[PDB]
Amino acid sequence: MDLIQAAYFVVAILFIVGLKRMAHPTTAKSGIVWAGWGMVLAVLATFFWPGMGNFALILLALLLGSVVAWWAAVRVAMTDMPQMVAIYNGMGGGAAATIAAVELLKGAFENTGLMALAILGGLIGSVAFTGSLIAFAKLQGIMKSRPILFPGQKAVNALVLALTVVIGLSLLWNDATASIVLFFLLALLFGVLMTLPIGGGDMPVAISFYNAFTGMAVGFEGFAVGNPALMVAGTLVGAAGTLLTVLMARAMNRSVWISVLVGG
């Protein structure tokens, strides 16, 4: 499968050039177009993976998700774009988790540092998923915009975090499919818990953060399974995303620690 390899390498170049161009006034518009092909190529080429099956379920799933998202993106008001970026970034996190989760149910690795990596991805992505949905909720006024506070939450969040990581690790020695679900629920829960304290007006920064989050999540998921397309792109974005988060914070004349709480 040097062919799939060839295609994923070109895909990698297409993303890099594309990301590079999105970053400059005169090249910005074409950037997304380049990245565009990168995806086409990537998706096409991945039909040729050895031992591939369940095609109908694949097409159906591709069609549904791409169509419903495109439809939504094309219809919303411009002033609702921050939340849209949020929901679509959520779903990426989810994606990374769904990957993580299925390889786990298949106990598909005898290499344990790889198991580790998948799990780490699964945590981060789950979190970016629910954290992005809450962000969404606030911008949409489905949920209170203001920081949502409670008696001693700082600890609950830490505690939930630690529990999750711990049951996360636990999978290396023992991964009763029971403990798997627990891990995701804790991850998911923590995403929610994390974002409650974030003020509506701070949200574009948190959205960047979660973008970085899902980026990293997919890169990790990529290394863990042997996928270069994901390896490169995840981290590329994870990296560029985290820097972007910093400059956004700076532009708002705010710190990201400031945003990540504003009251415990």
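Position 1 is the first residue in the sequence shown; the rest follow in order.
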(message) If you take the mean CA temperature factor per stretch, which one wins between 146-154 and 77-85?
(response) 146-154
(message) Quick check on the record: does 101-109 or 156-164 carry the larger mean Cα temperature factor?
(response) 101-109
(message) Is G222 in the lowest, middle or highest third of its chain when residues are ranked by C-alpha B-factor?
(response) middle
(message) Based on the deposited C-alpha B factors for this chain, I'd like to know if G121 is in the lowest, middle or highest third.
(response) middle
(request) Place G36 in the lowest, middle or highest third of its chain's C-alpha B-factors, as listed in the PDB entry. (result) lowest
(request) Consider only the C-alpha atoms of the modelled residues in this chain, order them by B-factor as the entry records it, and name the third containing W70: lowest, middle or highest. (result) lowest
(message) Sorting by Cα B-factor within the chain, modelled residues only, which third would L193 end up in: lowest, middle or highest?
(response) highest
